[PDB]
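*Asks:* Residue numbers (the entry's author numbering), protein chains in the order written: chain n, 3 to 58; chain V, 2 to 141; chain h, 2 to 54; chain l, 552 to 606; chain r, 1 to 459; chain g, 1 to 122; chain e, 51 to 154; chain i, 1 to 347; chain a, 120 to 189. Even for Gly, the Cβ is constructed at its ideal location relative to N, Cα and C.
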Ligand SMILES: CCCCCCCCCCCCCCCCCC(=O)OC[C@H](COP(=O)([O-])OCC(O)COP(=O)([O-])OC[C@@H](COC(=O)CCCCCCCCCCCCCCCCC)OC(=O)CCCCCCCCCCCCCCCCC)OC(=O)CCCCCCCCCCCCCCCCC
Ligand SMILES: CCCCCCCCCCCCCCCCCC(=O)OC[C@H](COP(=O)([O-])OCC(O)COP(=O)([O-])OC[C@@H](COC(=O)CCCCCCCCCCCCCCCCC)OC(=O)CCCCCCCCCCCCCCCCC)OC(=O)CCCCCCCCCCCCCCCCC
Ligand SMILES: CCCCCCCCCCCCCCCCC[C@@H](O)O[C@H](CO[C@H](O)CCCCCCCCCCCCCCC)COP(=O)(O)OCC[N+](C)(C)C
Ligand SMILES: CCCCCCCCCCCCCCCCC[C@@H](O)O[C@H](CO[C@H](O)CCCCCCCCCCCCCCC)COP(=O)(O)OCC[N+](C)(C)C
Ligand SMILES: CCCCCCCCCCCCCCCCC[C@@H](O)O[C@H](CO[C@H](O)CCCCCCCCCCCCCCC)COP(=O)(O)OCC[N+](C)(C)C
Ligand SMILES: CCCCCCCC/C=C\CCCCCCCC(=O)O[C@H](COC(=O)CCCCCCC/C=C/CCCCCCCC)COP(=O)(O)OCCN
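Here's what the structure looks like:
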């Protein structure tokens, strides 16, 4: 009986899917601006014994 | 032509007001002649004498406006001893506007023409001062 | 604007008539053949702006 | 006096009036080729004298 | 900030694919959810802005405006479905599409990093507004109103574009960060004067400035309720945002180029406040009150002091909320009696008590009763002006009186007295209208609780 | 004024020279390519609407062809545009390198030695 | 015909309370109207309003008010301890500023 | 007329245009113009009536005079330098005459009077052809001789074209006259940036052609040639009126629609040189075209006009002929602004 | 908890701002340099840009011309 429910209320995932996709695209855009990661005179530091990058 | 414009512009601002008024009258007469030529071409006057009268009317109106503008502007420039001031051109432009209002015998035309002509003449003086170009030569 | 079809295809649709120093029938020379030849050889490949000066 | 009459009179009403008068001037032609071909002749002479004589 | 932009773009097909009797429900629910998400933009820094990418960024001035836009969309959705009941399904979807497109354009406008993209979006907001006003308005005058709304704006904004591109050819950039860090003084020349005027006149006409305001009563009175709501609450604030942005490159010319605009603003707030006292139209009174408040905001921005900037931001937000509430309150009575005349239906406190309570609260908030954020913005502006010149306290004082008068006047004429005898079609208030009023008014007092969120980047 | 028409070595109607192959091709996930696909999809929707057919579900093969054609043209359009910008930058850098006198590097001044006027706001 | 046109008469306005005495003002269908009321009251008052106010109230101190207060407290303590002036009229050290050579 | 004969005439028009656009010899360019006009005259008269005959007569007279002036300019240029190649045109009088001839061909003011007459006098398909395809060859020649154009004359005629297009279009209730005045204004916009950058001219031409094609195809779909006839369309096919309103708004130059892209770019180019006052005047004047587009939108789409009874019969039938390129033209005319940098491929 | 779950540290935004600023400044310098280079090329005509066509020298006939003096 879930067929009628799905066809009547499947538009209720469009906005949440858009939100999660927008979060992903924001992270992807963030990934392209790492030219100064751990290079600022204010936030430069020595790396922790295990970590790789200061921020993602 | 630019010969008339150079004739006007070669005389300094606050000097030789009669010559500047004569040059302005020449410019105004040429403008009125061109306007009347186009008006006769597109709106025939139905007889030769009516066309001659219309041409005389237009040319006289424009020449009077130009002469009044030039005379008033030069006299203001020399009396105030302030060349390179757009206010002299504003005064001349409003004098020309009031002349047009008197010629067409309308108070609304007179007021609007004075305001707009004064503003435009002041703007032209500003452009002369700062080097604004209406027709810019290609550069890049 | 200008689609240089002649140059792309090597056709020579109308370039043979453009100048007076170009292969006239029976090798009849133009009245100013030397002058036009010299000017064309001077201005070749350097552009119109440099050619004009 | 101010909002309903004069502030209306200066900016929008004057603009509309001038635009309407200019439109009436420009678009009210009889459609006779004689008149605007005479206009063409005047334009040709004026441009040959004004812009071409000054090079 | 694509996490906010994409959900609206997804509001579009969700609306266009919903069932014929579920469009309003889905639209309201998902607009409310988007507003909740956009509430996270208020976490701002004290030094710089949030630079999400090369295209978008958020300051402490734009985040409350974005929150206001997102919160406003569902309110217009609720207020609109009453008079659109007889409309067809496709036209209702088109109406919701217009509202969604307007929200998307405003959201991208308030966060563009470059002045030319800001220009593109801040003109793009014109199309949905014109369509809404000229299509879903009620009287014949709407068409003329649309024209007055359009060209008045465009005649102001077309010069700005020119100036903008000119600036790009001299400084090499229109990015706001580069513009701020590489700012240089403006010399005293006619060219600089006209550049100042071109950069300023668009935002002056958008506020609007006194003498440039004739389009506003027409647009705000002939529009539908959602159109009036979004016109008063958000679209008027584009001028304030733009002027507070662009003034960074105009110093020190403003030091003397603000004089005619300051004079116009002060005497015009006086004049419009006096105009409000004799108004047979109930919507026109609200329009002219908007004009007066925006005149105060113009004075605040032209003074160019931190206190004035904070007051300007607070007044922008507070006026948006209050004016939207007042428009909805008048629209309820209009939907009842089908007339906008203020003295037609009287003594409505007798028949509709809770709506009378909403009327009283809205009127009290309008006249800047402390500690409402209206009062905070007004008082900050007055203090900055007093620092600017001691005589301003006369004119501002005058305004502080006249406002209250007409405010109470409206109330006393619409709610008090004896009811009209021949009107007998006044039905009790619906749950929808009461919820609309409550959702308008409660955020105002909640903001009163924590007012640092709307005081701008000068805090 | 035609800036690039007479640039030496330009083949008349190539649309994509050989030097353009020294540049990376645009990714198939380019946002511009996705926008071209969106344009194709909108064209398909409008085509369905004008013919008075169910707008969303009328012709799936036609809408697929619309999207495919738009993406196909957009790919090469993007290639040519990127190539032309690359050529512009190449010529500009070569010219700056070849005319040192017109592009001097003057001595830098710190803000501690530049005198800027102060304009108080009061 | 003494008329200008064929037109429908202007219809009277429909009273939503007539067919549904508890109508909520949302829709003429009782069920859809009731669910519209429920969703508005839930997502507006319960979710956005209260939870949003709670979220805004407890936002982390990113404007650095307490940070600036602590730094100022340290500075005042230090300078009062050493008898130095509490605040200095010059924000930038004059040793690092080069003035124009001549004022005449 | 026989369909084969019509196809041959269309091919001859296009062949003349291509001959103008691929030639390097001035005589061949003149030959292409002659062939184009010769083949174009019968197309305007395809549906015979006195108005089509009058339009064809006026068009022929204007184009013949323009061709005469063009050939005289070419001969003078040959006199002062023995050159046939299309190049800098070493003589200034010849360049003045060439500018006037190409302007009279394009319909730039003050040689603008013939455009509204000829457009009103012919059918919608002939008007589409005249206002889209006939602009290619003169603009190509002007692009090729752009470096020697006198800026003052060109800019004066462009500004006059913009002003006259706005003012004239303000007064029209006929759709074809509205289109003609719009074409005059857009010709002014194309020709204003020509002395500074020909790529902007090509971009403006492409956008204007797309919008004009969409507009004329929409007008053909709903067979309306007057405002009042267009006001009936909402009761028959509302989608057409909606797309028409969107296209009209795009033509007016409003963002974020594609019609904003050319003017914007042109303005920037003029501000790359000094040229500040002229773009301001152009935008303030294009407000007039936006005004009468908005009035058309008011009449046709944003309100509902009274209808007729017989329209009921039309409800039972569908459009037989279908324009296959119409949706793509509409999309290109409206939603193409985010693809602006692709203009780099134009130069 | 709100900071940990929904937000990052200040160094991320700091360095992203630095990268964005560097890119924008480089773009502005490139725009100004392009304008100056265009101006020089159009004034002199000694670069690849603004090269206007001249007559091809390959079209000249270098043959005896029935007269010794051409
Ligand atoms: C944004 C915030 C709000 C601002 C926006 C709104 C406010 C501003 C705009 C609204 C007001 C401005 C309107 C301008 C005038 C309108 C005229 C019009 O529309 O014509 C159509 C309308 C149609 O006429 P028509 O159909 O062609 O002929 C039938 C006539 O009705 C039959 O006429 P009639 O037989 O009855 O006789 C008419 C005759 C005689 O009129 C009469 O019959 C009665 C006498 C009234 C004449 C008034 C002048 C004498 C008293 C004035 C005292 C000083 C002025 C105040 C300054 C005090 C300084 C402390 O008039 C004349 O002869 C005129 C000759 C010149 C005398 C008047 C010119 C004074 C100019 C003021 C200069 C101020 C300089 C700056 C000052 C700076 C310090 C404050 O014309 C009229 O009927 C009106 C006639 C009177 C016009 C002059 C009135 C002067 C008003 C002050 C002007 C200053 C404002 C503009 C400045 C900007 C320009 C650069
Ligand atoms: C900016 C960011 C993004 C936005 C992009 C721009 C906006 C969107 C794109 C634009 C083009 C798209 C749609 C074009 C085709 C529409 C043609 C049409 O007629 O629609 C009818 C059609 C309904 O007709 P039907 O179902 O066959 O049966 C009903 C009868 O036909 C009954 O029909 P009827 O004809 O008998 O009803 C008459 C009605 C019918 O008249 C109309 O339908 C007017 C539609 C005009 C189309 C727009 C023109 C071309 C596009 C330009 C847009 C410019 C926008 C820029 C700003 C300017 C603001 C205008 O006309 C009127 O009542 C006159 C009212 C006058 C109002 C004036 C307003 C007109 C302009 C409005 C344009 C607004 C933008 C487009 C809105 C979408 C419209 C569907 O609409 C649809 O249902 C289709 C639309 C939705 C399909 C796409 C869904 C996507 C797939 C779902 C999954 C999503 C993927 C998510 C990924 C992750 C997975 C989870
Ligand atoms: C515990 C009681 C006392 C405290 C109460 C506090 C109340 C706060 C909770 C309310 C939420 C406020 C609004 C949340 C907006 C956040 C939006 C966004 O900014 O957050 C994203 C996080 O997304 C989260 O999933 C937020 C989802 C919350 C959405 C609210 C939906 C709830 C609706 C109510 C429905 C209830 C049932 C309905 C039945 C009909 C961030 O994405 P991300 O890329 O990671 O960021 C990287 C940062 N990292 C590295 C630290 C991870
Ligand atoms: C209805 C409301 C709509 C909005 C109105 C907007 C208001 C815009 C007004 C613009 C404010 C100032 C514009 C120009 C700046 C100064 C004005 C002038 O009066 O000052 C003197 C200018 O002197 C004279 O006044 C010359 C100007 C006279 C001509 C200008 C026209 C004014 C007439 C009124 C027209 C009304 C304009 C609005 C029309 C609607 C200063 O002397 P000067 O030192 O030398 O010039 C300084 C510049 N320098 C340094 C480069 C030399
Ligand atoms: C109908 C019946 C009416 C009468 C009955 C009333 C019954 C009593 C209930 C009323 C309570 C009286 C209010 C007294 C104030 C107490 C609440 C206060 O303490 O909370 C504030 C906190 O409140 C919030 O700060 C303000 C609310 C958030 C406002 C956001 C609005 C929600 C968004 C919805 C859309 C917005 C649209 C407008 C766009 C801008 C404290 O701020 P703060 O000094 O920090 O706290 C310090 C400690 N912290 C920091 C750890 C938290
Ligand atoms: C509904 C009403 C809305 C009102 C809006 C309209 C008012 C706009 C104000 C004037 C805009 C025109 C300015 C154009 C852009 C200027 C940008 C600029 O910087 O250019 C200057 C030049 O400035 C100009 O050229 C401007 C000349 C003026 C031409 C247009 C005049 C418009 C009418 C003037 C009166 C209106 C102004 C006040 C209106 C108030 C509102 C009603 C620099 O040029 P350069 O050549 O580099 O100079 C240095 C080398 N010498």
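Residue 166 (chain r): beta carbon under 6 Å from a heavy atom of ligand 1?
*Replies:* If you number the fifth chain from 1, residue 166 (chain r) lands on position 166. No, ligand 1 has no heavy atom inside 6 Å of this Cβ.
*Asks:* In chain r, which residues lie less than 7 Å from residue 497 (chain l) when you measure between Cβ atoms?
*Replies:* There is no way to answer for residue 497 (chain l), as the model of chain l reaches only from 552 to 606.
*Asks:* Quick one: which chain r residues come within Cβ less than 8 Å of residue 130 (chain V)?
*Replies:* Looking up residue 130 (chain V) in the second chain gives position 129. Per Cβ cutoff of 8 Å: 190.
*Asks:* May I ask you to check if the CB of residue 156 (chain r) is nearer than 6 Å to at least one heavy atom of ligand 6?
*Replies:* Residue mapping note: residue 156 (chain r) aligns to position 156 of the fifth chain, counting from 1. Flag set: Cβ of residue 156 (chain r) near ligand 6.
*Asks:* Which of the three DSSP states is assigned to residue 347 (chain i) in this structure?
*Replies:* The count along the eighth chain starts at 1 and reaches residue 347 (chain i) at position 347. If DSSP states are grouped into helix, strand and coil, residue 347 (chain i) belongs with coil.
*Asks:* Report yes or no: is there a C-beta of chain l within less than 7 Å of the C-beta of residue 3 (chain V)?
*Replies:* Start at 1 with the first residue of the second chain, and residue 3 (chain V) comes out as number 2. At least one chain l Cβ lies under 7 Å of residue 3 (chain V).
*Asks:* Taking residue 73 (chain e) as the reference, give the member of e:87, e:61, e:60 and e:130 with the closest Cα.
*Replies:* By one-based count along the seventh chain, residue 73 (chain e) stands at place 23. The candidate whose alpha carbon is nearest that of residue 73 (chain e) is e:87.
*Asks:* Could you check where the alpha helix (DSSP H) with residue 272 (chain i) kicks off and where it finishes?
*Replies:* Here residue 272 (chain i) refers to the residue found at position 272 of the eighth chain. Start and end: 260-272.
*Asks:* Residue range of the alpha helix (DSSP H) that residue 4 (chain h) falls in?
*Replies:* Taking the third chain and counting its residues from 1, one reaches residue 4 (chain h) at position 3. Premise fails: residue 4 (chain h) is in no alpha helix (DSSP H) and is neither H nor E.
*Asks:* Using C-beta distances below 8 Å, list every residue in its chain close to residue 341 (chain r), excluding the 5 sequence neighbours before and after it, in chain order.
*Replies:* Here residue 341 (chain r) corresponds to residue number 341 of the fifth chain, with the count starting at 1. Counting only Cβ-Cβ distances below 8 Å, and skipping sequence neighbours, we find 280, 281 and 282.
*Asks:* For residue 43 (chain V) and chain l, any beta-carbon pair shorter than 7 Å?
*Replies:* Here residue 43 (chain V) is taken as the residue at index 42 of the second chain, counted from 1. Yes, residue 43 (chain V) lies at the interface with chain l (some Cβ there is under 7 Å from its Cβ).
*Asks:* With 7 Å as the C-beta to C-beta threshold (strictly closer), list the residues of the segment 369-393 of chain r near chain g in chain order.
*Replies:* Listed in sequence order: no entries.
*Asks:* Counting along the chain, where does the alpha helix (DSSP H) carrying residue 50 (chain h) start and finish?
*Replies:* Within the third chain, residue 50 (chain h) is the residue found at index 49, counting from 1. 48-53 is the span of the alpha helix (DSSP H), which, as asked, contains residue 50 (chain h).
*Asks:* Compute the Euclidean distance between the alpha carbons of residue 232 (chain i) and residue 43 (chain i), then round it to the nearest angstrom.
*Replies:* Indexing the eighth chain from 1 puts residue 232 (chain i) at position 232. Indexing the eighth chain from 1 puts residue 43 (chain i) at position 43. Computed Cα separation, rounded: 29 Å.
*Asks:* DSSP state of residue 174 (chain i), grouped into three classes?
*Replies:* Start at 1 with the first residue of the eighth chain, and residue 174 (chain i) comes out as number 174. Three-state result, residue 174 (chain i): strand.
*Asks:* Give the secondary structure of residue 82 (chain g) by DSSP, where H, G and I count as helix, E and B as strand, and everything else as coil.
*Replies:* Position 82 of the sixth chain, counted from the start, is the residue given in the question as residue 82 (chain g). Residue 82 (chain g): helix per DSSP, three-state reduction.
*Asks:* In terms of DSSP beta bridges, what is residue 101 (chain g) paired with?
*Replies:* Mapped onto the sixth chain, residue 101 (chain g) falls at position 101. According to DSSP, which records beta bridges pairwise, residue 101 (chain g) is partnered with nothing at all.
*Asks:* Tell me whether the beta-carbon of residue 211 (chain r) lies closer than 7 Å to the beta-carbon of residue 264 (chain r).
*Replies:* Start at 1 with the first residue of the fifth chain, and residue 211 (chain r) comes out as number 211. Start at 1 with the first residue of the fifth chain, and residue 264 (chain r) comes out as number 264. Taking 7 Å as the Cβ cut-off, residue 211 (chain r) and residue 264 (chain r) qualify as a contacting pair.
*Asks:* Check the DSSP bridge columns for residue 58 (chain r) and list the partner residues they point to.
*Replies:* Residue numbering aside, residue 58 (chain r) sits at position 58 when the fifth chain is read from its first letter. Residue 58 (chain r) is bridged to r:50.
*Asks:* Any C-beta of chain r sitting closer than 7 Å to the C-beta of residue 119 (chain g)?
*Replies:* The sequence position of residue 119 (chain g) within the sixth chain is 119, counting from 1. At least one chain r Cβ lies under 7 Å of residue 119 (chain g).
*Asks:* Would you mind telling me which residues of chain l sit closer than 8 Å to residue 111 (chain i), beta carbon to beta carbon, in chain order?
*Replies:* As a position in the eighth chain, residue 111 (chain i) is number 111, starting the count at 1. 591 and 594, listed in chain order.
*Asks:* Strictly by DSSP, which residues pair up with residue 114 (chain r)?
*Replies:* In the fifth chain, the residue the question calls residue 114 (chain r) occupies position 114. In DSSP, residue 114 (chain r) forms a bridge with r:175.
*Asks:* I need the boundaries of the alpha helix (DSSP H) containing residue 43 (chain i), first residue and last residue.
*Replies:* As a working mapping, residue 43 (chain i) is identified with position 43 in the eighth chain. First-last of the alpha helix (DSSP H) with residue 43 (chain i): 26-44.
*Asks:* Could you tell me the distance, in whole angstroms, from the CA atom of residue 139 (chain V) to the CA atom of residue 27 (chain i)?
*Replies:* For the purposes of this step, residue 139 (chain V) is taken as the residue at position 138 of the second chain. For the purposes of this step, residue 27 (chain i) is taken as the residue at position 27 of the eighth chain. Whole-angstrom Cα-Cα distance: 30 Å.
*Asks:* Just the chain a side, please: which residues come within less than 7 Å of residue 96 (chain g) by C-beta, in chain order?
*Replies:* The residue given as residue 96 (chain g) occupies position 96 in the sixth chain. Ordered by position in chain a, the residues that pass the 7 Å Cβ test against residue 96 (chain g) are 152 and 156.
*Asks:* Please identify, using Cβ separations under 8 Å, the residues of the segment 187-215 of chain i that lie next to chain g, in order along the chain.
*Replies:* Those residues of the segment 187-215 of chain i that come within reach of chain g (Cβ to Cβ, closer than 8 Å) are 195, 196, 197, 198 and 199.
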